[PDB]
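The chain that follows stands alone, in the form deposited in one PDB entry, written as structure tokens.
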């Protein structure tokens, strides 16, 4: 019997939720586009000396499958809210995602980490200023990542874990 952590990755289509998860778990990035419906991962790993089994849920960005959202948001322990730095729309979508997390299992303090995903890309359409400012108002962490270079991947996921155990 070890500690089980249930992470769930939410965000707009294409923000790179699947890519980050595949990076953490399989240590690789393929450029291939592949819309996901629902991918489940289970991996054992030690974090800050604690052996635990990670239950990561790679969710769909497409509304088509958000018919499942009330169930998987119920079950989930912590939520990784992802936007792409190039996609402004994704960033605005976070509002909606959080509210949905709050409404399901009514609580205003839920373990979350906001993530800005494609930080290697030159475009940069959203400032980290206005992102970190949101995170401050949400009073949650904020990590800029890149599934391509693997920058921040470990940091992001593990932080959510830390946030989860912090909310026993």
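Residue numbers count along the first chain shown, from 1.
This next part talks about the form deposited with a small molecule bound, which is not shown.
Of the residues 133, 127, 70, 50, just one reaches the small molecule in the deposited bound form with a heavy atom at 4.5 Å or closer; this is 70. Judged against the small molecule in the deposited bound form with a 4.5 angstroms heavy atom cut-off, the residues 97, 100 and 104 are in contact without exception. Within this chain, residue 65 lines the site of the small molecule in the deposited bound form, having a heavy atom no more than 4.5 Å away. The closest heavy atom approach of residue 160 to the small molecule in the deposited bound form falls outside 4.5 Å. Taking non-hydrogen atoms only, residue 156 never approaches the small molecule to within 4.5 angstroms in the deposited bound form. In the deposited bound form, at least one heavy atom of residue 61 sits within 4.5 Å of a heavy atom of the small molecule.
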